[PDB]
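Worksheet: one structure, shown below.
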Amino acid sequence: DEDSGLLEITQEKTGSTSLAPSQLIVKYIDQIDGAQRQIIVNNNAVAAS
Amino acid sequence: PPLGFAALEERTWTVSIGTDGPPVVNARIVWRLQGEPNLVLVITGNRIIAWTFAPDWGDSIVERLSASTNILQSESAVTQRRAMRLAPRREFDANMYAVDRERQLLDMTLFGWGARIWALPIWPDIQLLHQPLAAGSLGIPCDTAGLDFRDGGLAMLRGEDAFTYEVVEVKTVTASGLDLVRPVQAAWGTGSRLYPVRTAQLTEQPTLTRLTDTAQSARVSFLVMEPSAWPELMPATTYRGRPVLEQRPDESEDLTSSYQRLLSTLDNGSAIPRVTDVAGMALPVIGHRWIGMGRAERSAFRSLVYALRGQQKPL
Amino acid sequence: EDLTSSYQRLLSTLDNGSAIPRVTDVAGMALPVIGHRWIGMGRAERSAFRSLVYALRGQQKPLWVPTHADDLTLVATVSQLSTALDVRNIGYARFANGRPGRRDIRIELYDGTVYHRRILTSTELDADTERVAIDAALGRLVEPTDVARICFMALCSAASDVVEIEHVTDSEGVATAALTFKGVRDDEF
Amino acid sequence: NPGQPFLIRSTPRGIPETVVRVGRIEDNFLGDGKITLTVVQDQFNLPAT
Amino acid sequence: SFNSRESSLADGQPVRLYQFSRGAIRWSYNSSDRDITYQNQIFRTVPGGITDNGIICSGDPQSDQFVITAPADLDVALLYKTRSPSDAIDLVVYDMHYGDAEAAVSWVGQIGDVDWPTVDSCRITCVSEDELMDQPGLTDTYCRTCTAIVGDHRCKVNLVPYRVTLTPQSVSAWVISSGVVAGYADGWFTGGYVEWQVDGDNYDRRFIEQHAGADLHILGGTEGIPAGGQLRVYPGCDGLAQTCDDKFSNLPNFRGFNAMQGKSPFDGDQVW
Ligand SMILES: [Fe+3]
């Protein structure tokens with residue numbers, strides 16, 4: 001804290017939300033056969049916006 | 001060197017150590033004889049030249065005590081202190097003159113010795129002997145109350161002229177005299193000056209101004225390269241476990257006060273500025289002046305300054 | 001206007017930390033700095049000074065700059081063939097024992113004749129007197145009563161290139177200027 | 001040390017008690033006495049399902 | 001009290017201690033103006049002071065260096081003036097406050113580089129163990145030679161029986177000559193190294209370009225070799241299987257592949 005050992009905080013970096021992805025593709029290798037495989041991860045909330 | 005030693009004979013040579021030579025004494029004298037491993041007598045030490053010029057006392061001599069303490073404060077008015085140098089560096093500023101036989105000696109010394117360690121006597125600590133000092137006597141009975149005398153230090157007797165002087169090593173302080181290890185080889189009667197000696201170096205070579213054919217006034221400034229031990233004592237009064245400054249400041253020069261604040265982030269654009277109180281607290285600033293008119297008060301002030309350690313210790 | 005002198009040194013690398021500093025002599029040599037002023041009161045002197053300034057070309061061209069002090073005073077007459085000048089002990093041997101700077105002499109007799117000599121080595125003789133040596137001869141027998149000053153010589157060059165010639169009345173009139181000279185190691189060494 | 005999470009509070013800035021993870025470290029023990037840290041909000045977690 | 005003093009707002013008396021260690025020899029220095037005794041070790045005071053620039057831990061070895069500034073006459077740094085010591089000088093940094101007997105370890109590492117920008121100062125760049133991870137890690141090749149330095153943990157060859165202790169006959173700028181080695185076949189010592197005691201339990205090592213008769217060729221010159229000091233010389237392995245077994249009889253540990261295959265694939269064009 002300011003009185004507990006903090007001097008000054010300068011950077012804030014509020015960031016943004018409208019940007020950033022809505023769908024993510026992950027590619028992995030299955031060691032049983034060594035064939036390329038992929039899975040899909042979706043962000044419905046961000047996708048709608 | 002080749003000379004036989006008689007049986008049951010002890011030959012004691014006289015090792016005379018001069019005053020002229022390289023600054024660092026790095027000597028290795030080898031006593032080599034047949035059928036015996038080399039027995040090298042190693043002599044080590046340093047060569048220094050003492051400052052033997054009396055500066056006139058028309059203008060006050062300024063003594064400066066400086067220390068380093070980098071302090072960083074947060075948004076709130078809270079400070080953490082990090083006193084760096086335990087022994088403050090001491091600087092001396094004074095003016096001097098040289099007319100008869102001292103101008104040429106000063107010029108030669110400055111040209112030759114230049115930027116090298118000196119043995120600066122403490123001019124403010126001048127002292128006059130009360131009784132004559134016999135040649136070869138061990139111990140100088142003199143006042144040592146509130147003086148810059150330390151065990152294993154140096155002392156420098158002086159006469160009317162620059163030449164009349166001699167430096168001795170003080171072992172300890174008995175509160176009435178100066179224990180000495182080496183006898184004094186010349187007797188000076190009442191009137192000869194006694195000066196504490198501390199190592200010093202020329203911070204900047206003085207700019208000599210010619211007054212006449214043989215006359216030059218110099219503004220010599222010296223800095224001591226040895227810690228200056230001194231007792232640290234605070235004022236007797238105590239309040240909430242802290243010292244209290246009971247001294248009344250001198251009013252000879254008018255003094256004012258101010259309320260310093262961390263009032264940054266004024267944020268001035270083009271239309272109108274707006275100042276925000278980061279902490280909303282005021283830390284007053286006060287000035288102080290005092291007059292010694294005595295050895296005891298000056299010693300107490302020096303102890304207070306040493307105890308302060310810059311901005312570290314509050315009161 | 002009162003003038004002073006200083007011993008400028010390359011005394012950098014003080015290396016100050018927190019506990020204690022320590023200064024090291026990179027060269028262990030002192031180069032003196034001397035100031036100079038003059039009055040013209042004539043066209044010829046002003047022309048000569050302008051020629052000197054042009055010849056200097058700033059700090060480039062050096063030239064000896066004798067002092068005007070009285071550092072050394074004789075205490076015993078010296079024969080013409082003798083090279084054992086005796087002077088009052090001013091710690092010269094311990095400080096000055098032969099090295100660039102403060103090793104030149106101008107006798108400057110009463111009549112006006114001046115002899116330029118070159119110190120070779122100084123030896124301590126007594127707590128009050130010394131026997132500083134010279135290079136070759138003196139010219140004649142001179143008693144201590146027939147010496148004005150010694151005024152150690154030293155090679156020096158200008159310290160500031162800019163020179164201000166303050167014209168007051170006219171070309172045929174008074175003028176004032178100030179010059180500063182600093183020692184420099186030159187003359188083939 | 002790097003990766004160590006800790007809390008920071010600064011009422012004037014309007015930042016409540018927040019959990020952040022240490023990033024780049026640059027400290028100056030002697031001289032300036034400045035200890036400056038770069039931190040990020042704690043949002044790292046590996047779900048088991 | 002160290003932590004308490006750090007949290008203290010009025011007792012801050014920082015003092016940084018450096019400890020340079022090389023085996024049985026230790027060098028102790030402090031940044032204050034007086035010597036400090038800690039753990040029965042006294043730290044010398046350097047005229048002019050010793051100071052650093054700060055500690056950075058950003059995860060990048062190239063950027064997280066530690067810089068030390070000290071005079072040019074520093075004893076530990078003086079060794080690097082002529083030739084870098086064979087062994088690395090480990091450095092440990094402590095932090096303590098004057099009047100307290102407790103100290104905290106801050107930085108640990110070894111000397112990375114040393115230079116003397118000015119006669120009155122010297123700059124030392126200290127690197128951490130993390131920087132040793134930038135070099136490759138393949139360390140494997142299917143070649144004919146052994147691919148192993150004689151005496152390494154892979155060769156498993158004991159060089160102590162082959163140690164030869166001798167006093168050199170004559171030392172030149174690039175060649176050190178001794179008659180004892182003249183009794184060995186040419187090239188016997190090729191690839192070996194010479195080690196001799198410098199101080200305490202630390203030795204300096206030098207490789208050998210070639211051995212011929214009574215003359216030994218030293219890579220990089222013979223500077224720093226004592227003319228009368230005792231020298232230990234070890235042989236060298238060429239790496240060939242015949243060389244490995246005839247001389248050292250270490251064929252079972254031979255890591256090379258002499259005649260297993262040079263190119264032969266099983267998916268080529270024509271076997272004949
Ligand atoms: Fe092998």
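Residues are referred to by chain and number: the chain letter is A, B, ... according to the order shown in the structure tokens, the number counts from 1 in that chain, and ligands are numbered separately from 1 in the order shown.
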In region 34-259 of chain E, DSSP strand (DSSP E or B) residues written as a PyMOL selection string: chain E and resi 36-38+41-45+51-52+55-57+66-70+90-97+103-118+121-127+164-166+170-171+175-177+193-199+202-212+215-218+231-233
Would you list the residues that come within 9 Å of ligand 1? Count only C-alpha atoms and all ligand atoms and give the answer as a PDB file with N, CA, C and O atoms, in the first residue's frame.
```
ATOM      1  N   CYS E 146      35.661 -40.572 -32.697  1.00  0.00           N
ATOM      2  CA  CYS E 146      35.100 -40.890 -31.386  1.00  0.00           C
ATOM      3  C   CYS E 146      33.988 -39.923 -31.004  1.00  0.00           C
ATOM      4  O   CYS E 146      32.956 -40.337 -30.461  1.00  0.00           O
ATOM      5  N   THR E 147      34.176 -38.631 -31.273  1.00  0.00           N
ATOM      6  CA  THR E 147      33.222 -37.594 -30.872  1.00  0.00           C
ATOM      7  C   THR E 147      33.171 -37.454 -29.351  1.00  0.00           C
ATOM      8  O   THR E 147      32.124 -37.156 -28.777  1.00  0.00           O
ATOM      9  N   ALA E 148      34.309 -37.670 -28.696  1.00  0.00           N
ATOM     10  CA  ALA E 148      34.392 -37.560 -27.246  1.00  0.00           C
ATOM     11  C   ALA E 148      35.779 -37.065 -26.871  1.00  0.00           C
ATOM     12  O   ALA E 148      36.779 -37.572 -27.384  1.00  0.00           O
ATOM     13  N   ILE E 149      35.833 -36.079 -25.983  1.00  0.00           N
ATOM     14  CA  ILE E 149      37.104 -35.553 -25.503  1.00  0.00           C
ATOM     15  C   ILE E 149      37.713 -36.558 -24.537  1.00  0.00           C
ATOM     16  O   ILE E 149      37.047 -37.023 -23.605  1.00  0.00           O
ATOM     17  N   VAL E 150      38.983 -36.899 -24.761  1.00  0.00           N
ATOM     18  CA  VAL E 150      39.648 -37.879 -23.912  1.00  0.00           C
ATOM     19  C   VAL E 150      39.503 -37.465 -22.458  1.00  0.00           C
ATOM     20  O   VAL E 150      39.780 -36.319 -22.091  1.00  0.00           O
ATOM     21  N   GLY E 151      39.056 -38.402 -21.624  1.00  0.00           N
ATOM     22  CA  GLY E 151      38.911 -38.171 -20.204  1.00  0.00           C
ATOM     23  C   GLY E 151      37.541 -37.703 -19.764  1.00  0.00           C
ATOM     24  O   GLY E 151      37.294 -37.630 -18.555  1.00  0.00           O
ATOM     25  N   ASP E 152      36.644 -37.387 -20.695  1.00  0.00           N
ATOM     26  CA  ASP E 152      35.316 -36.940 -20.304  1.00  0.00           C
ATOM     27  C   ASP E 152      34.554 -38.078 -19.628  1.00  0.00           C
ATOM     28  O   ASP E 152      35.016 -39.221 -19.555  1.00  0.00           O
ATOM     29  N   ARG E 154      32.139 -39.616 -20.708  1.00  0.00           N
ATOM     30  CA  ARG E 154      31.713 -40.615 -21.681  1.00  0.00           C
ATOM     31  C   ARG E 154      32.837 -41.577 -22.046  1.00  0.00           C
ATOM     32  O   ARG E 154      32.594 -42.777 -22.212  1.00  0.00           O
ATOM     33  N   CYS E 155      34.068 -41.075 -22.176  1.00  0.00           N
ATOM     34  CA  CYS E 155      35.192 -41.954 -22.484  1.00  0.00           C
ATOM     35  C   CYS E 155      35.513 -42.879 -21.319  1.00  0.00           C
ATOM     36  O   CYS E 155      35.921 -44.025 -21.534  1.00  0.00           O
ATOM     37  N   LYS E 156      35.340 -42.405 -20.085  1.00  0.00           N
ATOM     38  CA  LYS E 156      35.604 -43.206 -18.891  1.00  0.00           C
ATOM     39  C   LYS E 156      37.046 -43.704 -18.857  1.00  0.00           C
ATOM     40  O   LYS E 156      37.312 -44.837 -18.448  1.00  0.00           O
ATOM     41  N   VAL E 157      37.985 -42.865 -19.285  1.00  0.00           N
ATOM     42  CA  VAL E 157      39.402 -43.209 -19.312  1.00  0.00           C
ATOM     43  C   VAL E 157      40.110 -42.432 -18.213  1.00  0.00           C
ATOM     44  O   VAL E 157      39.964 -41.208 -18.112  1.00  0.00           O
ATOM     45  N   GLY E 236      46.976 -37.033 -25.441  1.00  0.00           N
ATOM     46  CA  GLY E 236      45.761 -36.705 -26.162  1.00  0.00           C
ATOM     47  C   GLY E 236      45.358 -37.840 -27.078  1.00  0.00           C
ATOM     48  O   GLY E 236      46.200 -38.561 -27.618  1.00  0.00           O
ATOM     49  N   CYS E 237      44.048 -37.990 -27.249  1.00  0.00           N
ATOM     50  CA  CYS E 237      43.477 -39.053 -28.066  1.00  0.00           C
ATOM     51  C   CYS E 237      43.071 -38.493 -29.422  1.00  0.00           C
ATOM     52  O   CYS E 237      42.353 -37.490 -29.496  1.00  0.00           O
ATOM     53  N   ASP E 238      43.531 -39.146 -30.491  1.00  0.00           N
ATOM     54  CA  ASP E 238      43.168 -38.707 -31.833  1.00  0.00           C
ATOM     55  C   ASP E 238      41.688 -38.936 -32.111  1.00  0.00           C
ATOM     56  O   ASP E 238      41.068 -38.159 -32.845  1.00  0.00           O
ATOM     57  N   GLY E 239      41.106 -39.983 -31.530  1.00  0.00           N
ATOM     58  CA  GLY E 239      39.705 -40.300 -31.710  1.00  0.00           C
ATOM     59  C   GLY E 239      39.433 -41.480 -32.618  1.00  0.00           C
ATOM     60  O   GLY E 239      38.293 -41.959 -32.654  1.00  0.00           O
ATOM     61  N   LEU E 240      40.433 -41.960 -33.350  1.00  0.00           N
ATOM     62  CA  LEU E 240      40.254 -43.127 -34.198  1.00  0.00           C
ATOM     63  C   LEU E 240      40.160 -44.391 -33.350  1.00  0.00           C
ATOM     64  O   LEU E 240      40.785 -44.503 -32.292  1.00  0.00           O
ATOM     65  N   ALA E 241      39.367 -45.350 -33.830  1.00  0.00           N
ATOM     66  CA  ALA E 241      39.162 -46.580 -33.072  1.00  0.00           C
ATOM     67  C   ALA E 241      40.476 -47.318 -32.856  1.00  0.00           C
ATOM     68  O   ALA E 241      40.750 -47.808 -31.754  1.00  0.00           O
ATOM     69  N   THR E 243      43.425 -45.934 -32.770  1.00  0.00           N
ATOM     70  CA  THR E 243      44.116 -45.136 -31.765  1.00  0.00           C
ATOM     71  C   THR E 243      43.518 -45.365 -30.383  1.00  0.00           C
ATOM     72  O   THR E 243      44.248 -45.457 -29.389  1.00  0.00           O
ATOM     73  N   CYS E 244      42.190 -45.456 -30.301  1.00  0.00           N
ATOM     74  CA  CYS E 244      41.542 -45.609 -29.004  1.00  0.00           C
ATOM     75  C   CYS E 244      41.921 -46.928 -28.341  1.00  0.00           C
ATOM     76  O   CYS E 244      42.195 -46.963 -27.135  1.00  0.00           O
ATOM     77  N   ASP E 245      41.947 -48.022 -29.103  1.00  0.00           N
ATOM     78  CA  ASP E 245      42.166 -49.329 -28.493  1.00  0.00           C
ATOM     79  C   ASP E 245      43.645 -49.672 -28.348  1.00  0.00           C
ATOM     80  O   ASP E 245      44.049 -50.214 -27.314  1.00  0.00           O
ATOM     81  N   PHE E 248      44.901 -46.897 -25.513  1.00  0.00           N
ATOM     82  CA  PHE E 248      44.174 -46.848 -24.254  1.00  0.00           C
ATOM     83  C   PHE E 248      43.329 -48.087 -23.989  1.00  0.00           C
ATOM     84  O   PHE E 248      42.853 -48.257 -22.862  1.00  0.00           O
ATOM     85  N   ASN E 250      40.346 -48.762 -24.783  1.00  0.00           N
ATOM     86  CA  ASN E 250      39.017 -48.320 -24.383  1.00  0.00           C
ATOM     87  C   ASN E 250      37.996 -48.539 -25.495  1.00  0.00           C
ATOM     88  O   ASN E 250      36.993 -47.826 -25.578  1.00  0.00           O
ATOM     89  N   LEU E 251      38.243 -49.524 -26.358  1.00  0.00           N
ATOM     90  CA  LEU E 251      37.335 -49.775 -27.471  1.00  0.00           C
ATOM     91  C   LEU E 251      35.899 -50.022 -27.026  1.00  0.00           C
ATOM     92  O   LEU E 251      34.982 -49.509 -27.691  1.00  0.00           O
ATOM     93  N   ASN E 253      34.150 -48.640 -24.854  1.00  0.00           N
ATOM     94  CA  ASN E 253      33.531 -47.338 -24.651  1.00  0.00           C
ATOM     95  C   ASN E 253      33.653 -46.431 -25.867  1.00  0.00           C
ATOM     96  O   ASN E 253      33.220 -45.276 -25.805  1.00  0.00           O
ATOM     97  N   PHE E 254      34.231 -46.918 -26.963  1.00  0.00           N
ATOM     98  CA  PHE E 254      34.358 -46.114 -28.172  1.00  0.00           C
ATOM     99  C   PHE E 254      32.990 -45.616 -28.616  1.00  0.00           C
ATOM    100  O   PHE E 254      32.098 -46.413 -28.919  1.00  0.00           O
ATOM    101  N   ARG E 255      32.827 -44.296 -28.653  1.00  0.00           N
ATOM    102  CA  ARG E 255      31.558 -43.678 -29.011  1.00  0.00           C
ATOM    103  C   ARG E 255      31.414 -43.439 -30.508  1.00  0.00           C
ATOM    104  O   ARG E 255      30.343 -43.011 -30.951  1.00  0.00           O
ATOM    105  N   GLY E 256      32.458 -43.702 -31.297  1.00  0.00           N
ATOM    106  CA  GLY E 256      32.393 -43.482 -32.726  1.00  0.00           C
ATOM    107  C   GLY E 256      31.762 -44.643 -33.473  1.00  0.00           C
ATOM    108  O   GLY E 256      31.589 -45.739 -32.944  1.00  0.00           O
TER     109      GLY E 256
END
```
Within 7 Å of residue 43 (chain A), counting only C-alpha atoms, which residues qualify if same-chain residues fewer than 2 places away don't, as a list in words?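 So, after excluding close chain neighbours, the residues are residues 22, 23, 41, 45, 46 and 47 of chain A.
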For a quick test of understanding: name the residues of chain E lying within 12 Å of chain A when counting only C-alpha atoms, and present them as a PyMOL selection string. chain E and resi 6-9
Would you give me, as a list in words, the residues of chain C that come within 12 Å of chain D, using only C-alpha atoms?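 Residues of chain C within 12 Å of chain D, counting only C-alpha atoms: residues 16, 17, 18 and 19 of chain C.
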I need the residues from that last selection saved to file as a PDB file, in the first residue's frame (with C-alpha atoms), if you can.
```
ATOM      1  CA  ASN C  16      33.591   8.815  -5.087  1.00  0.00           C
ATOM      2  CA  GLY C  17      31.213   6.124  -3.866  1.00  0.00           C
ATOM      3  CA  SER C  18      29.543   6.186  -0.453  1.00  0.00           C
ATOM      4  CA  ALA C  19      32.273   5.367   2.067  1.00  0.00           C
TER       5      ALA C  19
END
```
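Of the residues under consideration (D:2, D:49, D:32, D:12), D:12 shows the shortest atom-to-atom contact distance to chain A when counting only C-alpha atoms.
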Chain B residues within 9 Å of chain A, counting only C-alpha atoms: which ones, as a PyMOL selection string? chain B and resi 72-78
Find the spatial neighbours of residue 205 (chain E), counting only C-alpha atoms, within a cut-off of 12 Å - ignore same-chain residues fewer than 4 positions away - and output them as a list in words.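 So the residues in contact are residues 83, 84, 85, 86, 87, 192, 193, 194, 195, 196, 197, 198, 218, 219, 220, 222, 224, 225, 231, 232, 233 and 234 of chain E.
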How would the residues just picked look written out with N, CA and C atoms as a compact mmCIF listing (two decimals), in the first residue's frame?
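That gives us result19.txt:
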```
# COMPACT_ATOMS: atom_id res chain seq x y z
N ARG E 83 45.85 -12.47 -19.05
CA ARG E 83 45.12 -13.60 -19.61
C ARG E 83 44.01 -14.00 -18.64
N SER E 84 42.88 -14.39 -19.19
CA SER E 84 41.75 -14.80 -18.36
C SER E 84 42.11 -16.07 -17.61
N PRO E 85 41.85 -16.14 -16.30
CA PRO E 85 42.12 -17.39 -15.57
C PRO E 85 41.30 -18.54 -16.13
N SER E 86 41.88 -19.74 -16.07
CA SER E 86 41.20 -20.91 -16.62
C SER E 86 39.87 -21.16 -15.93
N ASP E 87 39.83 -21.06 -14.61
CA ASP E 87 38.61 -21.29 -13.85
C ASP E 87 37.79 -20.01 -13.76
N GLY E 192 46.66 -33.18 -26.04
CA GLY E 192 46.65 -33.08 -24.60
C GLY E 192 46.73 -31.64 -24.13
N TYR E 193 46.76 -31.48 -22.81
CA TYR E 193 46.83 -30.16 -22.21
C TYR E 193 47.82 -30.19 -21.06
N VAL E 194 48.37 -29.01 -20.75
CA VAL E 194 49.35 -28.84 -19.68
C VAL E 194 48.70 -28.05 -18.56
N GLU E 195 48.78 -28.58 -17.34
CA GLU E 195 48.23 -27.93 -16.16
C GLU E 195 49.32 -27.78 -15.11
N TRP E 196 49.35 -26.61 -14.47
CA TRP E 196 50.33 -26.33 -13.43
C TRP E 196 49.68 -25.46 -12.37
N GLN E 197 50.22 -25.52 -11.16
CA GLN E 197 49.62 -24.83 -10.03
C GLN E 197 49.98 -23.35 -10.06
N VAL E 198 48.97 -22.49 -10.02
CA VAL E 198 49.16 -21.05 -10.02
C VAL E 198 49.21 -20.56 -8.58
N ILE E 218 52.56 -24.86 -28.03
CA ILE E 218 51.48 -24.43 -27.14
C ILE E 218 50.58 -23.47 -27.90
N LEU E 219 49.28 -23.76 -27.91
CA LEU E 219 48.32 -22.90 -28.57
C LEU E 219 48.24 -21.55 -27.86
N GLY E 220 48.28 -20.47 -28.64
CA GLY E 220 48.16 -19.14 -28.09
C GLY E 220 49.41 -18.59 -27.45
N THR E 222 53.24 -19.24 -25.12
CA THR E 222 53.66 -19.78 -23.84
C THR E 222 53.68 -18.72 -22.74
N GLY E 224 52.97 -16.59 -19.58
CA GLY E 224 52.42 -16.98 -18.30
C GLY E 224 52.92 -18.31 -17.77
N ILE E 225 53.69 -19.05 -18.55
CA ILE E 225 54.25 -20.33 -18.11
C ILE E 225 55.50 -20.05 -17.29
N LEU E 231 55.36 -28.70 -13.99
CA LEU E 231 54.30 -28.79 -14.98
C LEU E 231 53.81 -30.23 -15.10
N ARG E 232 52.50 -30.39 -15.20
CA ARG E 232 51.87 -31.69 -15.43
C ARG E 232 51.31 -31.73 -16.84
N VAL E 233 51.68 -32.75 -17.60
CA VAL E 233 51.32 -32.88 -19.00
C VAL E 233 50.58 -34.20 -19.19
N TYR E 234 49.41 -34.14 -19.84
CA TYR E 234 48.63 -35.32 -20.15
C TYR E 234 48.63 -35.59 -21.65
```
Pull out every residue of chain E sitting within 10 Å of chain D, counting only C-alpha atoms, and send them as a list in words.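 In the required form, that comes to residues 14, 15, 16, 31, 51, 52, 53, 54, 55, 56, 57, 58, 59, 60, 64, 95 and 106 of chain E.
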Store the residues picked out above in a file with N, CA and C atoms, as a short mmCIF file (atom, residue, chain, number, x, y, z; two decimals), in the first residue's frame.
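Writing the result to result-v5.cif gives the following:
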```cif
data_model
loop_
_atom_site.label_atom_id
_atom_site.label_comp_id
_atom_site.auth_asym_id
_atom_site.auth_seq_id
_atom_site.Cartn_x
_atom_site.Cartn_y
_atom_site.Cartn_z
N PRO E 14 22.52 1.22 4.46
CA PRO E 14 22.86 0.17 3.49
C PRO E 14 24.36 0.03 3.31
N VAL E 15 24.81 -1.22 3.16
CA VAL E 15 26.20 -1.54 2.84
C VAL E 15 26.20 -2.84 2.06
N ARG E 16 26.83 -2.83 0.89
CA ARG E 16 26.86 -3.98 -0.01
C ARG E 16 28.23 -4.63 0.05
N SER E 31 31.81 -1.78 -0.02
CA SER E 31 31.60 -0.48 -0.63
C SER E 31 31.70 0.67 0.36
N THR E 51 31.16 0.14 -6.49
CA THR E 51 29.72 0.32 -6.63
C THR E 51 29.25 -0.41 -7.89
N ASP E 52 27.97 -0.75 -7.89
CA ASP E 52 27.32 -1.45 -9.00
C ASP E 52 26.26 -0.55 -9.62
N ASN E 53 25.53 -1.11 -10.59
CA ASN E 53 24.49 -0.38 -11.30
C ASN E 53 23.08 -0.85 -10.98
N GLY E 54 22.93 -2.02 -10.37
CA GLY E 54 21.63 -2.56 -10.02
C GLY E 54 21.48 -3.99 -10.49
N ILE E 55 20.43 -4.63 -9.96
CA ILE E 55 20.12 -6.03 -10.24
C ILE E 55 18.85 -6.07 -11.07
N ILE E 56 18.91 -6.77 -12.20
CA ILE E 56 17.77 -6.94 -13.10
C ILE E 56 17.49 -8.43 -13.24
N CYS E 57 16.23 -8.82 -13.04
CA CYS E 57 15.78 -10.20 -13.21
C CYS E 57 14.54 -10.17 -14.10
N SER E 58 14.77 -10.18 -15.42
CA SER E 58 13.70 -10.12 -16.40
C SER E 58 13.54 -11.42 -17.18
N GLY E 59 14.32 -12.45 -16.85
CA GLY E 59 14.26 -13.71 -17.57
C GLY E 59 15.07 -13.76 -18.84
N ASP E 60 15.72 -12.66 -19.23
CA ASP E 60 16.55 -12.63 -20.43
C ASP E 60 18.01 -12.61 -20.03
N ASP E 64 20.02 -9.31 -18.38
CA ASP E 64 20.10 -9.28 -16.92
C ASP E 64 21.54 -9.39 -16.43
N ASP E 95 24.13 -8.32 1.50
CA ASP E 95 23.61 -7.02 1.91
C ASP E 95 23.49 -6.99 3.42
N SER E 106 22.03 -11.54 -2.08
CA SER E 106 21.28 -10.86 -3.13
C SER E 106 21.55 -11.43 -4.51
#
```
Restrict the distance test to only C-alpha atoms, flag each residue of chain E within 7 Å of chain C, and return the flagged residues as a ChimeraX atom specification. /E:31-33,47-51,120
Leaving out residue 203 (chain B) and any residue of its chain fewer than 6 positions from it, which residues lie within 10 Å of it when counting only C-alpha atoms, given as a ChimeraX atom specification? /B:91-92,115,220-224 /C:11,14,23
Could you write out the selected residues, including C-alpha atoms, as a CSV table (one decimal), in the first residue's frame?
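Listing of result.csv after writing:
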```
chain,number,residue,atom,x,y,z
B,91,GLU,CA,35.5,20.4,3.5
B,92,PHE,CA,37.5,23.5,4.6
B,115,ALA,CA,47.3,16.9,-6.0
B,220,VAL,CA,42.7,27.1,-0.6
B,221,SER,CA,40.0,24.5,-0.1
B,222,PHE,CA,40.7,21.2,1.6
B,223,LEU,CA,38.8,17.9,2.0
B,224,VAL,CA,39.6,15.3,4.6
C,11,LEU,CA,43.1,15.0,-11.5
C,14,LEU,CA,38.1,10.8,-8.2
C,23,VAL,CA,42.1,10.4,-6.1
```
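CA of residue 172 (chain B) to CA of residue 234 (chain B) spans 26.1 Å [interatomic distance, one decimal].
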Atom pair CA of residue 83 (chain B) / CA of residue 97 (chain E): separation (Å):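 Interatomic distance, CA of residue 83 (chain B) to CA of residue 97 (chain E): 10.7 Å.
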Name all residues at most 10 Å from region 176-186 of chain B (count only C-alpha atoms; drop same-chain ones fewer than 3 positions away) and give them as a PDB file with C-alpha atoms, in the first residue's frame.
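Written file, around_33.pdb:
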```pdb
ATOM      1  CA  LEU B 133      58.243  21.483  26.376  1.00  0.00           C
ATOM      2  CA  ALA B 134      61.617  19.912  27.120  1.00  0.00           C
ATOM      3  CA  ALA B 135      63.460  18.352  24.197  1.00  0.00           C
ATOM      4  CA  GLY B 136      63.013  14.589  24.129  1.00  0.00           C
ATOM      5  CA  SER B 137      60.060  14.642  26.527  1.00  0.00           C
ATOM      6  CA  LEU B 138      57.320  12.047  26.025  1.00  0.00           C
ATOM      7  CA  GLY B 139      53.867  13.587  26.485  1.00  0.00           C
ATOM      8  CA  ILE B 140      52.480  17.084  25.978  1.00  0.00           C
ATOM      9  CA  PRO B 141      50.212  18.209  28.870  1.00  0.00           C
ATOM     10  CA  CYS B 142      47.584  20.388  27.208  1.00  0.00           C
ATOM     11  CA  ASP B 143      43.835  20.908  27.199  1.00  0.00           C
ATOM     12  CA  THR B 144      41.918  18.316  25.171  1.00  0.00           C
ATOM     13  CA  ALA B 145      38.346  19.321  26.074  1.00  0.00           C
ATOM     14  CA  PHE B 149      42.174  14.813  19.072  1.00  0.00           C
ATOM     15  CA  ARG B 150      41.853  11.061  18.533  1.00  0.00           C
ATOM     16  CA  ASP B 151      43.875   8.066  19.666  1.00  0.00           C
ATOM     17  CA  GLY B 152      46.549   7.190  17.135  1.00  0.00           C
ATOM     18  CA  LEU B 154      48.710  13.284  14.573  1.00  0.00           C
ATOM     19  CA  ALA B 155      49.767  16.575  16.141  1.00  0.00           C
ATOM     20  CA  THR B 164      59.490  26.008  12.771  1.00  0.00           C
ATOM     21  CA  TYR B 165      57.297  22.914  13.090  1.00  0.00           C
ATOM     22  CA  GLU B 166      57.394  19.196  13.844  1.00  0.00           C
ATOM     23  CA  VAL B 167      54.818  16.403  13.580  1.00  0.00           C
ATOM     24  CA  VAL B 168      54.345  13.673  16.190  1.00  0.00           C
ATOM     25  CA  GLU B 169      52.049  10.668  16.582  1.00  0.00           C
ATOM     26  CA  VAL B 170      49.577  10.765  19.482  1.00  0.00           C
ATOM     27  CA  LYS B 171      48.790   7.395  21.047  1.00  0.00           C
ATOM     28  CA  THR B 172      45.905   8.188  23.412  1.00  0.00           C
ATOM     29  CA  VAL B 173      44.160  11.059  25.197  1.00  0.00           C
TER      30      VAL B 173
END
```
